[PDB]
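Chemist: enclosed are the sequence and the experimentally obtained structure.
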Amino acid sequence: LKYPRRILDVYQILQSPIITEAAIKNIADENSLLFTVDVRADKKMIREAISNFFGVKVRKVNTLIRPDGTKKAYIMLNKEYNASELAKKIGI
Amino acid sequence: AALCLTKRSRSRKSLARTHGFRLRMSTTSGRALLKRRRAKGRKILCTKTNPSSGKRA
Amino acid sequence: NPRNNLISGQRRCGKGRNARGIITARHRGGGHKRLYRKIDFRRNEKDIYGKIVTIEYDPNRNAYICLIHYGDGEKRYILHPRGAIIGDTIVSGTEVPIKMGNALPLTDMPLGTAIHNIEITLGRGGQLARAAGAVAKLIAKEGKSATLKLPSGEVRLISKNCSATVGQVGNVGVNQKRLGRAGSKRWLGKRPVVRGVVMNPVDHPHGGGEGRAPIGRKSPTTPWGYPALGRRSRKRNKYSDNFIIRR
RNA sequence: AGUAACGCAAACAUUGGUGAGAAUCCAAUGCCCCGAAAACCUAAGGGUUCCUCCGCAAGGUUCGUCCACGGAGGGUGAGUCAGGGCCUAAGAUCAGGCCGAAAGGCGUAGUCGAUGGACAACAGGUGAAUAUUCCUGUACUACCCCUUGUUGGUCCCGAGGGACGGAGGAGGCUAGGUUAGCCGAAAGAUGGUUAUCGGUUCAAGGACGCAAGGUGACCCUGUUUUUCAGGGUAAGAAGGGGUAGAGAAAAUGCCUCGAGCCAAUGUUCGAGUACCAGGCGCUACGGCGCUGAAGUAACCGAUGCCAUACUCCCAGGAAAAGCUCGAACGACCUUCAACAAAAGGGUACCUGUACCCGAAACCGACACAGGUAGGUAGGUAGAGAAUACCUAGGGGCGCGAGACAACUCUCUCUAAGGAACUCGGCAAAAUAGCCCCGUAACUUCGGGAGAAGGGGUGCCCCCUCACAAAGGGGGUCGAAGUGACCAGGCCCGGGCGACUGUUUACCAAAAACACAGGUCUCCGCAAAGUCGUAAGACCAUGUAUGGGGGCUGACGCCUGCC
RNA sequence: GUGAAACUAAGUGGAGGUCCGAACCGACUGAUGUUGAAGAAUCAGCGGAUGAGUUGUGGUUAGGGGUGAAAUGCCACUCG
RNA sequence: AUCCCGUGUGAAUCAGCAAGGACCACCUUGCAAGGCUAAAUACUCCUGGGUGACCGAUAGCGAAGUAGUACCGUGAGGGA
RNA sequence: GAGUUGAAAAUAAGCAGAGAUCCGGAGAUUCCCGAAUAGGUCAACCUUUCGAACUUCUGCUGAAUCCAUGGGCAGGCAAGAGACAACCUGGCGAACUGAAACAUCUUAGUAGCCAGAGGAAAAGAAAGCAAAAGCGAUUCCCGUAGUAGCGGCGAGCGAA
């Protein structure tokens, strides 16, 4: 059997995007975009929940904790997909 | 030389191995201390650290 | 050849002194790591020869030890006696002739011989007369005992079927190796001892007052109250194997 | 009582700007300070103090437009860095087991436990707050797929290895520094002058390979054995390889082949259509835009590498996993399953990441003249990490301005004398660096000793030159030449303690304690002694040349009587 | 220098509980400071500074006790 | 004396054994060395009703707001 | 039976006279830590062969040892662990104090510590009191009674 490290309610593993101006800097400059996830999350569970719900090959998943408690995730997509054409569809 | 100052910059890992919750729950005496802490009503019955993260504030 | 894979590694840490942590064997601490040497006291390979290739300094002992090989593939350490020619051959066994360096049970040998490593009963490793010059002689034997004069001026009839390594054990010249550097006592892991006159009455019974205090008590005592001169500290009925104390 | 104080005596001053209001906030120019830091980074700790905007109720020992303060928003990106997913030390917890009113004590396997062992990333740019983390270049780890072979493979077991001390100085080099060459600019209102001012940079890694460095065994010949010239040995290196015994590996014994080996450094690729002085065009005048020269050599020389390299010494210098090799026995799965590689692609686990960290943010209740492990160690003079002044970088110490009373404190000098002061030369003053001469009493013959005491010392010439230091002779100035800082005062006696050390954190550093040495006494191992009702533990994985305990205190003469 | 010893020039070497002196550790004298800048410090000198050294990290002994190169010292500015 | 234990010795079954305050005789009373049982009974971290010659913000619970809180201590704990 | 989405206003959308909000009974969920329990842990985390670990029960196989025991495997809504102010029981168990000192004694078998357990616990059904007369398990209250006593015949202690 292929167990994950922790079973963590995968339709709630992502919470909200970040709409700061530096996030748009990461879109136009990095082909990346910014999500807010819960602390109980992975570079294997978030990375699977982007290539399925969105339909995009994700390059890397750079995560960090934020001292108010919640977790911040810079997800960088592949070169084949612009983050600007996939972020205006959501509302960025 | 130094001063007659007692507490210093010791790591909170070693302060949690002595005054933390595990050595406080590894004895009948220390869990009786937690009977007095929970019986009084202290919001922080130990002074500890965390092996993963620092503080959620 | 150091790192023999016979130095055996893990020990209890240095010259320790802690039972529950309380000082209970006083004046200990300091020095090097002093990694011990697991030597072969009870020779479990009889009637096979073995040469002598190295006289290594054991820091745990007062004497030296030596590395002995075999005709088969093994390596041991034993206490080498006085007269260990390099390359000389030692062999344990029951009928092996007497040579300075080999071992044999206490029966098949004459009387009046220099032996260091003897056993007080069967099966043990090695107990008596194994210091840096400790030599035990044999007075004549008996039915199942053997009167043995061990190096205290003390004789003792003993079980006759005990292993014994015949020879006078070497490194005698530590009788005269002076410790005149005066802090070389601390290199052995031996802290300085304080004296009973210059302590307080809470610590020692001879805690004095003004000046160099005379000893005050009717007898010079230990720091735990027992008289420290002449009072024999020995249980009155243990063995009755010793013939005369002779001391 | 509107009194002391406003927290070192690094020091600020002016012109502008912002505003209602400016010694204090900002900008510029000078001035001044640290510079083995008062600089930069990280361990701990703190926990949001970091950044933009807004505010000046409280805090800032003054003010304030500012803030480590109040409010809103944001910020900490790792396969490679540090820990965990690996391993163990001290130590802890200890299944069973022994013990014990209870709680629990002892203790084995086992498991945790880094301050250690194992394991893969460097350079440039971005940027209000992040950089080995984001972008680009080149890499490297750990598995899968794609091609050749194998029928066994993995784990447990057997072994090698991991694997270790201190001191010492000599090599070979790098890091840095200086000089020269090259390139660009320069008239800096002064008598002359370009002799001036700035660059001269590049890592990890992939390949090739090492000497005049160390190591390579014995004897003779030449030289100071030595660097080298020359001959012989069949083992005499790094290393492999056969066997023999119950002997797979290993270990031991025997035989044989190998004159080389080891590692920093190095050339090339990475690496230039990078970086860089300069000029070229606008200023929200805070910087962006285009183009771009040379990018070498030599002398010093590391406290960094070789290097756990050699030599010497006793006081004799952790453990386990990763790694490598391997038979039997034991558990599981088996053919397109498992194993070993060769190129090529794919995949990349959690936590820490801001900021302060020789401190205003940590610890001293303070924005406290104090403390805090570790790393980098520029120039000149100097032996030097001291010292004096400075580059980089960072500050001007969060009350100022007048005045120039007594008196306190931190310093400087003082006619004549020189301890007359005093409890007492307490404190100050004086000596001070390198070379040469010379050096006594006494002694344990080791020392005293740098005894004491005396002379030279700066700068320009010449020659001898180990042809680098250095010497002699000469001239030149000053009152004064280690001209500043820095940098032994000494001798003669005596008492005690032999000595180096330790001692009352916060009134006593001693003649006190310890010490090497001596002597008495106990102890034969199921030892004595110590802690514990006990089990047991230290003693000790040691064995009377050893382990306790008492007294005395090196060394020399002795230690009397009861 | 004798048939070997005993012993001595001369180099080589780098031992020391060696000496001078930085970091570092400690606190001998003096002044200041005593509602101190500081509940023990500043300034000027001072002792050790390859060791019986100093220090970081993780530990250990806990009060009819521990530890003590022994002062009734220290055990969280508290210790007969 | 009755009752229960430590070491050691160590009985009798109803014609008996134990108690009736050393002990013996007679009488009286009961049947140890096997267990289980509600009620009356003591108290409040509380809960639901009713009261109070109880308090009224220095009182009443430490606490009428963040109350065992801010703060102090390494911690036990102290504490507005 | 008429308005609601807590304190707690405002804003955006709802939910409701085929009955909302709310109240009551029975159920469901209950991340993580904590007996904490898969293993480790520096509590609210990490690693995971995703596991009620351990003890007890049941079942199979069944060492040295023949039967056993130990172990291993498995099942199990699976019994115990942990918490609890005071009272209660059991065990260790003081000292300041009073005696005008103090040791016998008192304070006191109190406080404290540990263990256990219930709304009560302990005890409890006569090998008992009593006295020639009689009662009929235990507990508690009034009384006898501050009596009989006990006690450096002190301080005090004090039944039946």
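Modeler: Sure thing, it's come through. Numbers count the residues shown, from 1 in each chain, chains lettered A, B, ... in the order given.
Chemist: tell me the residues of chain C that contact RNA strand E?
Modeler: C:18, C:20-23, C:30, C:181-184, C:186-187, C:191-192, C:194-195, C:198-203 (CB under 7 Å from any atom of the strand). No exception for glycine: its C-beta is placed from N, CA and C like everyone else's.
Chemist: can you give me the strands for chain A?
Modeler: Under the criterion DSSP state E, chain A contains strands at A:14-17, A:32-37, A:58-65, A:71-77.
Chemist: what's the closest of these to chain B?
Modeler: strand A:58-65 (6.2 Å; CB to the nearest CB).
Chemist: buried stuff in the longest helix belonging to chain B?
Modeler: As assigned by DSSP state H, the longest helix anywhere in chain B is helix B:28-40. Using 16 or more other CB atoms under 10 Å in any protein chain shown as the test for burial, helix B:28-40 gives residue B:30.
Chemist: do it and RNA strand D meet?
Modeler: Yes: against RNA strand D, helix B:28-40 shows contacts by CB under 7 Å from any atom of the strand at B:28, B:29.
Chemist: returning to that earlier point: so can I have JSON lines of the strands of chain A showing distance to residue C:218 and mean neighbour count?
Modeler: Formatted as JSON lines, the entries for the strands of chain A read as follows, by distance: least, CB to CB, whole Å; neighbours: other CB atoms under 10 Å in any protein chain shown:
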{"stretch": "strand A:14-17", "distance to residue C:218": "87", "mean neighbour count": "14"}
{"stretch": "strand A:32-37", "distance to residue C:218": "84", "mean neighbour count": "20"}
{"stretch": "strand A:58-65", "distance to residue C:218": "76", "mean neighbour count": "14"}
{"stretch": "strand A:71-77", "distance to residue C:218": "80", "mean neighbour count": "19"}
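Chemist: next, format these as JSON lines and append distance to RNA strand E.
Modeler: Compiled in JSON lines, the strands of chain A are given as follows (distance: least, CB to the nearest atom of the strand, whole Å):
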{"stretch": "strand A:14-17", "distance to RNA strand E": "37"}
{"stretch": "strand A:32-37", "distance to RNA strand E": "33"}
{"stretch": "strand A:58-65", "distance to RNA strand E": "23"}
{"stretch": "strand A:71-77", "distance to RNA strand E": "28"}
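Chemist: compare these and give me the one nearest residue C:64.
Modeler: Distance to residue C:64, taken as CB to CB, is lowest for strand A:58-65 among the strands of chain A, at 61.9 Å.
Chemist: surely residue C:104 and residue C:162 touch.
Modeler: No: applying CB atoms under 8 Å as the test, residue C:104 and residue C:162 come out as separate, 10.3 Å apart.
Chemist: give me the buried positions along stretch A:76-84.
Modeler: For stretch A:76-84, by 16+ other CB under 10 Å, it's A:76, A:77, A:81, A:83.
Chemist: and if you look at stretch C:20-34?
Modeler: Applying 16+ other CB under 10 Å to stretch C:20-34 flags residue C:28 as buried.
Chemist: so what's the spatially closest residue to residue C:221 that is not a sequence neighbour up against?
Modeler: Excluding the flanking residues, the one nearest residue C:221 by CB to CB, 6 or more residues apart in numbering or on different chains is residue C:205, at 4.8 Å. Residues in contact with residue C:205 (CB atoms under 8 Å, 6 or more residues apart in numbering or on different chains) are C:196, C:217, C:221, C:222, C:223, C:225.
Chemist: the last one and residue A:34, how far apart?
Modeler: Which is residue C:225. When distance is defined by CB to CB, to the nearest Å, residue C:225 is 79 Å away from residue A:34.
Chemist: same question for the fourth one.
Modeler: Using CB to CB, one gets 78 Å for the distance from residue C:222 to residue A:34.
Chemist: number of residues surrounding residue 5?
Modeler: Chain wasn't specified; assuming chain A. When neighbours are counted by other CB atoms under 10 Å in any protein chain shown, residue A:5 registers 9.
Chemist: my bad, chain C
Modeler: That count, for residue C:5 with other CB under 10 Å as the rule, works out to 7.
Chemist: and it, which helix or strand is it part of?
Modeler: Using DSSP states H and E, residue C:5 falls within no helix or strand.
Chemist: do the one 3 residues further on as well
Modeler: Secondary-structure element containing residue C:8, defined by DSSP H and E: none, the residue being outside all helices and strands.
Chemist: so how many other residues sit close to it?
Modeler: Neighbours of residue C:8 using other CB under 10 Å come to 12.
Chemist: got it, and residue C:106?
Modeler: For residue C:106, the neighbour count with other CB under 10 Å is 21.
Chemist: do you know how far it is from RNA strand F?
Modeler: 43 Å (CB to the nearest atom of the strand, to the nearest Å).
Chemist: tell me the spacing between that residue and residue C:185.
Modeler: 38 Å.
Chemist: with adjacent residues omitted, what lies nearest to residue 34?
Modeler: Picking chain A for this. Going by CB to CB, 6+ apart, residue A:34 has residue A:18 as its nearest residue, at 3.9 Å.
Chemist: let's do chain C instead
Modeler: Of all residues not flanking residue C:34 in the chain, residue C:59 sits nearest, at 4.8 Å (CB to CB, 6+ apart).
Chemist: with residue A:76 instead?
Modeler: Closest residue to residue A:76 apart from its sequence neighbours, by CB to CB, 6+ apart: residue A:32 at 4.0 Å.
Chemist: hang on, isn't the one you found packed against residue A:83?
Modeler: Yes: the pair residue A:32 / residue A:83 is scored as a contact, 6.2 Å apart, by CB under 8 Å.
Chemist: any residues in contact with both of these two?
Modeler: With CB under 8 Å, 6+ apart as the test, residue A:32 and residue A:83 both reach A:26, A:77.
Chemist: next, the contact list for the closest residue in space to residue A:86 that isn't next to it in sequence, please.
Modeler: With sequence-adjacent residues excluded and distances taken as CB to CB, 6+ apart, residue A:86 is closest to residue A:56, at 6.3 Å. Residues in contact with residue A:56 (CB under 8 Å, 6+ apart) are A:50, A:77, A:78, A:81, A:86.
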